[PDB]
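Lettered A, B, C, D, E, F, G, H, I, J and K in written order, each chain numbered from 1.
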Amino acid sequence: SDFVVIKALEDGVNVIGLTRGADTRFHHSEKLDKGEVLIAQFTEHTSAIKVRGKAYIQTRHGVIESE
Amino acid sequence: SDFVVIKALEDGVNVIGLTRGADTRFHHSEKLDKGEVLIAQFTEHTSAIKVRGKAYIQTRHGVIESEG
Amino acid sequence: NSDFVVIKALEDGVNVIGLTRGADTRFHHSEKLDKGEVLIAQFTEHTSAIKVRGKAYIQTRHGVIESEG
Amino acid sequence: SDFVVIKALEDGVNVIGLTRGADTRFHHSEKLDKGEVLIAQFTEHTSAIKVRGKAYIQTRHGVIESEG
Amino acid sequence: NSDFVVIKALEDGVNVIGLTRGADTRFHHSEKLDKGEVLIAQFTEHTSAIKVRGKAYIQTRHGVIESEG
Amino acid sequence: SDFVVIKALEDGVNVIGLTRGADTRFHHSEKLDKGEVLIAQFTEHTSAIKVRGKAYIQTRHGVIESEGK
Amino acid sequence: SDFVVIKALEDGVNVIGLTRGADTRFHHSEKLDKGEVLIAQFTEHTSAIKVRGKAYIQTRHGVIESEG
Amino acid sequence: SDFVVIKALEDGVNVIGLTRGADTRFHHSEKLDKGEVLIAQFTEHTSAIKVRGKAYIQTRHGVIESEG
Amino acid sequence: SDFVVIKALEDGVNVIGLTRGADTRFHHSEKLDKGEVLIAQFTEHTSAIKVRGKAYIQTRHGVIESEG
Amino acid sequence: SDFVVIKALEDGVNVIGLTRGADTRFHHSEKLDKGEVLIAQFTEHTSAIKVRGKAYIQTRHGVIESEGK
Amino acid sequence: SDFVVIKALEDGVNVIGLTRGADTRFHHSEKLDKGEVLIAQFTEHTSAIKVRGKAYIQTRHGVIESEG
């Protein structure tokens, strides 16, 4: 199953997981401080991922940056 | 399953999931504020995704941009 | 796990039309896009062909093609 | 499962689906007007596709053009 | 999910002949193409070999080849 | 499943299927005259293919030529 | 299943496994000292990994560096 | 499933199929005259193939040439 | 499964397997002397591998070096 | 399943298949003379292959050459 | 399933299988003299392979050389 790499470029970045299934809501928000990296898969419980805050992101489709 | 990356280039962008199945309707709209990124899969419940508003989108077939 | 098509409307009133899978072929849904909206649409248990009408920039795994209104 | 892209270069381009199975005949003809695009899969019901008329065609093996 | 061949007729009366899969081998269908028409034909449960007669431009996963009439 | 493309470069080329299994024998010989093309799979019944006669051959390993008699 | 390579560039780097499932929490934190390498899979129990401290990281998507 | 192409560079090239299983011996020998081509798979009954005589051979790992 | 190559660049390099499962602990420590090479899979019992000591390592993701 | 290509570069080359399982021993030694090519798979019964004698070898990882005593 | 190629560069090189399973111990040591080549899979019984002595090694990750 595929994954996303997120590197926080500032304190307070949120990596938020969205529920798989008929309904869509946030079930977890992981806080990243500056320089921390999270590598996060899609899973049985998480079919969409939202990033809030400034971070460097890598996926299979290349690099993108949130602000 | 494939996924799409959507980065909102202005406030109020909507990423809209359309129902899988014989019926087609919107089941969810995720609102993105400028500079937020959403990475969203195709799923048992979502077989088409629509984006409204200004955004930079990546998929397996390359970059495309939506404009508001 | 199926393939998908990206459609970006280059004018108002673009229609992305889904054709039914199976022995019966007909249109079952027509999605209206206005200028600059994007639809990323899979082939599905219900949709085995997709017709685009109106001016649009389309990406498939075979590359770019453009429809003209 | 594979698909063919068909872009009509004139009115009345006919995309013809041939039946899968021991018998071969057409079971559907989808006409396209100039500039419309049809992205059609091979399926449980369609194992061969014929294009009549002027059309620009993409498949996994590259581009080909039909002449009407 | 089988492979498919692309056949473009370069003259009228090209024949794309499907041969039967299985222990026995015979022609089960000849699809006749006129000049400029394109047939995209899979290998299937019933067709394990395809013969082209007449002048045609052909694409398969191993490249381009041309039949001559 | 893999296939081979055979284009006859003279009359009377044979494309010969050998039986799959513990027994090996020819079960079919498809005659090609000049300019005809056969695109033939490996199958539940054919696990080896012999070409006799002058032909241009494509497989997934590239181009090979058989030389006639 | 995919894996991530982490080389500690300073002492006390923490590679933290997050639980797979409805619940998300840290179930393990592996401490690396300077110059140690950990190569770590996604698994039945671990569906996200977090690195804290200065490290050089390789994944399928290329190289990235965490900072302390 | 993999296959090899064998082109005979002289008369009487011998393509030898070795039996798959705990035992090894040849179960079939197909002779090729000069210029003939055999395209042969690995199968339930053949798990090694030997070529005797001058032949031009292609496999997934490139070209090799047997000499008589 | 994926495997890692580890070449000891000094004596007493440790290639340590961490248990797969809810619990994470060392189950095995393989000591390599200078110049020895260990080629080691991920497996039913081993879902993370830690290298301590100076070594040259290859993974699908490319080269990395652990240092003493 | 993977296979290795072995071309003998002198008489008397041996390609030795080692048994798959908890037990490791030689179950078969195929003797090759100069110029002959063996294309051998890994199988239910053979999980390692040893080559003794001068030979030119291809595998998915590239060319390697065995040298005889 | 993958394999590794080992060419011995001097006499008495040892290619050592380590047991798959909860337990890790040797199980078999194949001695290669100079110039001999062994091509060995990962298997139900072997999940790690050690090379001791001077040898040229190829894996899917490239060339590496052990030193005695």
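Note that in this section contacts are C-beta pairs under 8 Å (C-beta built on N, C-alpha and C of every residue); 3 or more make two chains touch, one makes a residue touch a chain.
Counted as hops between touching chains, the shortest connection from subunit D to subunit F is 2. Separation between the centroids of subunit G and subunit I, computed from CA atoms only, is 15 Å. A straight line joining the Cα centres of subunit G and subunit J is 41 Å long. Between subunit A and subunit I, the centres computed from C-alpha atoms are 29 Å apart. Those residues of subunit K in touch with two or more other chains are numbered 59-60. Taken together, the touching pairs link the chains into one ring where each has two partners.
Neighbouring chains touch in a ring; in the direction leading from subunit B to subunit C, they appear as B, C, D, E, F, H, J, K, I, G, A.
Only residues 2, 4, 18, 20-22, 24, 42, 47-52, 54-55, 57, 59-62, 64-68 of subunit G touch subunit A when the two sit together in their complex. Those residues of subunit A lying in contact with subunit G across their complex are 1, 3, 5, 7, 17, 27-28, 30, 32, 34-41, 43-46, 56, 58-60.
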